[PDB]
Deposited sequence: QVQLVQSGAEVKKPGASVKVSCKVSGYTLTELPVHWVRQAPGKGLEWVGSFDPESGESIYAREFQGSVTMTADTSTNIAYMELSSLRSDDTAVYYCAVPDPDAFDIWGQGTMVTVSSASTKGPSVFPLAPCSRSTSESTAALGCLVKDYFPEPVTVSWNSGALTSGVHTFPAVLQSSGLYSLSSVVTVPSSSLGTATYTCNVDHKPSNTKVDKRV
């Protein structure tokens, strides 16, 4: 009955600093080390660093030597991971994990951190018109955007593609469905508190 809860998604501009938290429940943080790892959009796993809340000792990964600072609030059982001098290539999902008993056995849910010069903004939804129809969710930032059809009633034959990062720094995503009835795509972009239902 152990659980690692990380802080919410972060949006940052180049040169900024982000502090990710990892709250543990079901045991005392000090009892075990805390491992940090990240995963860039379409890449593999990469160790960032590890910390010992008992002694305050830290060990860094070769590539993250001077950009990461690890700490922990022993009383509140919360481990921290502060990444400074953020760059766009630092865009990724960051995870904390503890050994049980030796590796990365238990994981937090992960924290998405997007680094870009762009600022948060909702998308514009355009119509795309067996036959195929869809919705183009263009120019939003940052990820993610969720999409459903007919309020979730339509799932068969639907294909929502991974978002693509444009040169403008904004994302674009398309969702299609292969098939009288009405077709509406329900778009949700929580970062910008934007929700749109586009009938096609």
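Missing from the model relative to the deposited sequence are positions 130-138, 189-194 (no C-alpha coordinates, numbering from 1).
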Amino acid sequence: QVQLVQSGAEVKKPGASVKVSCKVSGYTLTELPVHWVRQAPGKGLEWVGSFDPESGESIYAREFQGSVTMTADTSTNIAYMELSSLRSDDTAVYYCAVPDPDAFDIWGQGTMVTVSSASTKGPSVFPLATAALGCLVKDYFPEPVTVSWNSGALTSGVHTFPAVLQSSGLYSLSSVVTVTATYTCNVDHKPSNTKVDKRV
From here on, numbers count along this sequence of modelled residues.
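Comparing 21-29 with 187-195, the stretch with the higher mean C-alpha B-factor in the PDB entry is 21-29.
Comparing 71-79 with 87-95, the stretch with the higher mean C-alpha B-factor in the PDB entry is 71-79. When the C-alpha B-factors of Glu143, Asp139, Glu54, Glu46 are read from the PDB record, the largest value belongs to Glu54.
Across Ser50, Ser167, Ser174, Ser148, the greatest Cα temperature factor reported in the deposited entry is at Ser167.
Among the modelled residues of the chain, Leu128 sits in the middle third by CA temperature factor in this PDB entry. For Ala163, the recorded CA B-factor ranks within the lowest third of the chain. Only modelled residues enter the ranking. Per the deposited record, the Cα B-factor of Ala40 falls in the middle third when ranked against the other modelled residues of its chain. Per-chain ranking of the deposited C-alpha B factor places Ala61 in the middle third.
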